[PDB]
Amino acid sequence: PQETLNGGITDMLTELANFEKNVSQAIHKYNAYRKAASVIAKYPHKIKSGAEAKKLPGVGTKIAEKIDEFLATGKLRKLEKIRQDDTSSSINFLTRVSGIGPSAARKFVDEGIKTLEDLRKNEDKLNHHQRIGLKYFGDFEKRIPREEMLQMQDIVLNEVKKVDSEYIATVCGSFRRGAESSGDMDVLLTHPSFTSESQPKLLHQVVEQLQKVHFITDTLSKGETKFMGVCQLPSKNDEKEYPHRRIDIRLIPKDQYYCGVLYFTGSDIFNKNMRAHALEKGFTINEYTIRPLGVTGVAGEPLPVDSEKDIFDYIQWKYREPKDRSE
DNA sequence: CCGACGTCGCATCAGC
DNA sequence: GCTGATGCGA
DNA sequence: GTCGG
Ligand code: NA
Ligand code: NA
């Protein structure tokens, strides 16, 4: 399916999806619209009617009508009106700043703050996270070429081992699935001296080293188990400098690492197929563990997992490369 | 007819 | 000062 | 908004 097929409809739905989350604060309607956008995007036929589309899982009466209106006119009256609404479009925009959610974006537009300009005129009203998001508003909306991700992974794997060679680190996300680009970098971290049944400076020291070699530039949030911050490659001598990137590092217990690795590798749809799979075989998988039920449906103690493949074995199915994990 | 729709670590703030 | 709901991101 | 119990 090419974009030109039903891309006109998906954009309509994606726009509608954003206004639900950001303006109406109806997060479940937001996911509903996105779900429809996805299933339509995979649909290898130029849709001729709302009735044709309503056949698909995720699309019902109300969306079918909108598709009819779009097909008949080329536009949607409601979306047109809300694109042009000064309050709503401003609220919707401000949320594109990382750190600004639909709630904060509400109060800003309430007291008159609508634009990035206005945000810069009033930074003492922004918190630490929001200032970073504002500062790198453009960079964050860029994607990362796999080549840069590789160079980023190069730096991360090196400085981690340099801190302590017993560390294990794995860059997951769409990147591990061989994607040609990424939106950020998700690093999963563990150590033999960290288990579910067991220092509380393991995460700090990795972050510390990456700040020393000037790879990590800012910090959105940092606790004992998860780091959310900003990073940047060394500018290639005389050349044009790199965009700042979003990077997440989280520390996972050794006996939950590969379950964490499996989970955050994805994809989303792959993961649902594999956890619904799965119940049929009599196991429950979350991001942390895999547990056995249980004739009445009562889970037992989480089975030991020492590799990704280990999990596949439990549920009787031949190991899959991250490459082939899109569904 | 009406509830589920993913979940949770960290920063911030409301209540006390 | 402490407890913990809410906002936010993923 | 969609699905389904
Ligand atoms: Na349907
Ligand atoms: Na945001």
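By convention in this text, residue numbers begin from 1 on each chain and track the written sequence, not necessarily the entry numbering, and residues missing coordinates are not displayed. Here chains are named by letter from A upward and ligands by number from 1 upward, in the order in which they appear as written. Excluding hydrogens and water, the side-chain values take into account all heavy atoms of the structure. Residues with missing side-chain atoms are left out of burial classes, side-chain pairs and their counts.

Chain A appears in the PDB entry as DNA polymerase beta from Homo sapiens. The title assigned to this entry in its PDB record is "Structure of human DNA polymerase beta Host-Guest complex with the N7MG base paired with a dC". UniProt positions are given in the numbering used here, feature names are shortened, and annotations may be inferred rather than shown by experiment. The record held by UniProt for chain A lists under Subunit (literature references left out) the comment "Monomer. Binds single-stranded DNA (ssDNA). Interacts with APEX1, LIG1, LIG3, FEN1, PCNA and XRCC1. Interacts with HUWE1/ARF-BP1, STUB1/CHIP and USP47. Interacts with FAM168A." You can read under Sequence similarities in the UniProt record for chain A the words "Belongs to the DNA polymerase type-X family."

A. Spotlight on the overall build of chain A. Assigned secondary structure in chain A consists of 16 helices and 9 strands. Dimensions along the principal axes, computed over C-alpha positions, put chain A at roughly 60 × 55 × 40 Å. Only DSSP runs of H or I with at least four residues qualify as helices, and only runs of E with at least two residues qualify as strands; both kinds are numbered from the N terminus onward.

B. Summary view of the protein's contact with DNA strand C. Surveying the vicinity of DNA strand C reveals 13 residues, the closest of which are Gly99, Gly101, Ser103, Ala104 and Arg246. The term polar contact refers here to a pair of N or O atoms within 3.5 Å; inside protein, the definition further demands a hydrogen-donor-capable atom paired with an acceptor-capable atom, and it admits residues adjacent in sequence only when both atoms are side-chain atoms. The contact in question runs from a phosphate oxygen of DNA strand C to an N or O atom on the backbone of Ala104, over 2.8 Å. Secondary structure elements with two or more residues in the surface near DNA strand C: α7 (102-110), β6 (226-231) and β7 (245-251). Tallying contributions element by element places α7 first for the surface near DNA strand C, with 3 residues. Charged means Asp, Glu, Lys or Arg here, nonpolar means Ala, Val, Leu, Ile, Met, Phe, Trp, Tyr, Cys or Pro, and polar covers whatever is left, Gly included. Partitioned by chemical class, the residues of the surface near DNA strand C number 5 nonpolar, 4 polar and 4 charged. We define proximity as follows: a residue is near a molecule or strand when any one of its heavy atoms falls within 4 Å of that partner.

C. Summary view of the coordination of the sodium ion (ligand 2). Any N, O or S atom lying within 2.8 Å of the metal counts as a donor, with the limit raised to 3.2 Å for Na, K and Ca; because water is left out of the atom set, some sites can appear incomplete. Binding of the sodium ion (ligand 2) to the protein goes through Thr95 (O), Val97 (O) and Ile100 (O), at separations of 2.3 to 3.0 Å. Read in sequence order, the donor residues coordinating the sodium ion (ligand 2) give the pattern T-x1-V-x2-I.

D. Structural view of the protein's contact with DNA strand D. Near DNA strand D you find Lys29, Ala32, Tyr33, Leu56, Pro57, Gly58, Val59, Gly60, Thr61, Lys62, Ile63 and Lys66, and these make up its full shell. At the protein interface, 86% of the atoms of DNA strand D within 4 Å belong to sugar or phosphate. A distance of 3.2 Å is found between a phosphate oxygen of DNA strand D and a backbone nitrogen or oxygen belonging to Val59. Take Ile63: an N or O atom from its main chain is 3.1 Å from a phosphate oxygen of DNA strand D. Secondary-structure elements contributing two or more residues to the surface near DNA strand D are α2 (27-41) and α4 (61-73). For the surface near DNA strand D, the leading source of residues is α4, giving 4 residues.

E. Geometry of the packing of aromatic side chains. Aromatic rings from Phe, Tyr and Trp, with only the six-membered ring used for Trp, were paired whenever their centres fell within 6.5 Å, and each pair was classed as stacked if the ring planes differed by under 30 degrees, edge-to-face if by over 60, and tilted otherwise. Tallying each qualifying case throughout the model produces 7 aromatic pairs. Their ring planes at 45° and their centres at 5.7 Å tell us that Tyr136 and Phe140 sit as a pair that is tilted. For the pair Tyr136 and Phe140, one class covers both residues: buried. Between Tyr257 and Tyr258 the ring centres are 5.4 Å apart and the planes differ by 75°, which places this aromatic pair in the edge-to-face class. In this structure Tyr257 comes out as buried when scored by relative accessible area, which is 1%. Feature note: the residues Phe312, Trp317 and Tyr319 constitute an aromatic cluster, connected by ring pairs. Charge-over-ring placement is defined geometrically: NZ (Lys) or CZ (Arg) within 6 Å of the ring centre, and within 35 degrees of the ring normal. The ring of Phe175 carries the charged tip of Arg146 above its face, separated from the ring centre by 4.3 Å. Partly exposed describes any residue whose relative accessible area lies between the buried limit of under 20% and the exposed limit of over 50%, with all areas from a 1.4 Å probe on protein chains only and scaled to the type maximum.

F. Region of the structure containing the nonpolar core. Within the largest apolar cluster, 36 residues are counted, with the highest numbers of intra-cluster contacts made by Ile9, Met12, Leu13, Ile40, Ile67 and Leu119. For this core, the secondary-structure elements that each account for two or more residues are α1 (3-22), α2, α4, α6 (86-94), α7 and α8 (116-121). Delimitation of the domains relies on an automatic or database domain assignment. Both domain 1 (3-85) and domain 2 (86-142) contribute no fewer than three residues apiece to this core. Each nonpolar core is a collection of buried residues, namely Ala, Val, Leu, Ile, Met, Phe, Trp, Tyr and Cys, held together in the definition by side-chain atoms within 4.5 Å. Core analysis: the second largest hydrophobic core is formed by 27 residues, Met149, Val187, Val206 and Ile247 among them.

G. Local environment of the coordination of the sodium ion (ligand 1). The protein atoms donating to the sodium ion (ligand 1) are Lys54 (O) and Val59 (O), with metal-donor distances spanning 2.6 Å. On the basis of relative accessibility, which here comes to 40%, the residue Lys54 falls in the partly exposed class. Accessibility expressed as a relative area gives 7% for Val59, which makes it buried.

H. Representation of α7 within the structure. Three or more residues of α7 are buried, namely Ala105, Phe108 and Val109. Across the axial projection of α7, the buried residues extend over an arc of 90°, all falling on one side. The criterion used for residue contact is that any of the two residues' heavy atoms lie within 4.5 Å. Elements that come into contact with the buried residues of α7 comprise α6, α8 and α9 (128-135). Where α7 ends, the next residue or the one after it, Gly112, has phi of about 105°, a positive value. Along the arc lie the directions from the helix axis toward the C-beta atoms.

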